[PDB]
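Below you'll find only one chain, the form solved without adenosine-5'-diphosphate, shown as structure tokens.
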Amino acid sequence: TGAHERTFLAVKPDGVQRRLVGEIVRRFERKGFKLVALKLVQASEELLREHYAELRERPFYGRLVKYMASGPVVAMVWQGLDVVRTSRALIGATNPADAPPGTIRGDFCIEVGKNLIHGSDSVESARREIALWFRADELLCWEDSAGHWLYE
């Protein structure tokens, strides 16, 4: 949907525990993306098994699920042009060792299991993840007055 593209972001429990929710939000705000959904939730194992369904035969899958249910996450939807790809970029490589400073993981994380945040890896994944984590009435349209200064 061009500038109506959406991605799903989740601050993982390490993010909440280390108090970096604000910091992360702020990076998306100042980049100019539009916050259209935000919930602090304790994810169920049922949901997380579906979230991570593509990773079900990998050896990390049990621990990854038990982890993401271990604490509160902050679930989020961000809207704007190319937001999925750009989010991946702001966040940085999956392994923080490969995430250059300036990215969230580059700045704040050391190890791949405690890398602070999930972002949808494709427009497809975002559609699925958004529907899985959020009811349609939790996604907000609002008239974004900043948008005259972010888009032509």
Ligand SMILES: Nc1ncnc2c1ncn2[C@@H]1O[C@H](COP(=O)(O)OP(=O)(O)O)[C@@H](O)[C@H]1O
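All residue numbers refer to positions in the sequence shown, first residue = 1.
Relative to its counterpart among 112-120 and 56-64, 56-64 has the higher mean temperature factor, C-alpha atoms as listed in the PDB entry. For the segment pair 39-47 and 24-32, the entry gives 39-47 the higher mean B-factor, averaged over Cα atoms. In the deposited entry, the Cα temperature factor of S125 places it in the highest third of its chain's modelled residues.
Per the deposited record, the Cα B-factor of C141 falls in the highest third when ranked against the other modelled residues of its chain. Ranked within its chain, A69 lands in the highest third, by CA B factor from the PDB record. Per-chain ranking of the deposited C-alpha B factor places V16 in the lowest third.
This next part talks about the form deposited with adenosine-5'-diphosphate bound, which is not shown.
For this ligand-free form, the site is classified open because adenosine-5'-diphosphate, superimposed from its arrangement in the entry with it bound, keeps every atom beyond 2.4 Å of the backbone and C-beta atoms. For a residue to qualify, one of its non-hydrogen atoms must sit within 4.5 Å of adenosine-5'-diphosphate in the entry with it bound; all three of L55, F60 and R105 qualify. At least one heavy atom of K12 is located within 4.5 Å of adenosine-5'-diphosphate in the entry with it bound. In the entry with it bound, no heavy atom of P100 sits within 4.5 Å of adenosine-5'-diphosphate. Within 4.5 Å of any heavy atom of adenosine-5'-diphosphate in the entry with it bound lies no heavy atom of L35. Of the heavy atoms in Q42, none are within 4.5 Å of adenosine-5'-diphosphate in the entry with it bound. Of the residues given (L47, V123, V112, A89), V112 alone sits with a heavy atom within 4.5 Å of adenosine-5'-diphosphate in the entry with it bound.
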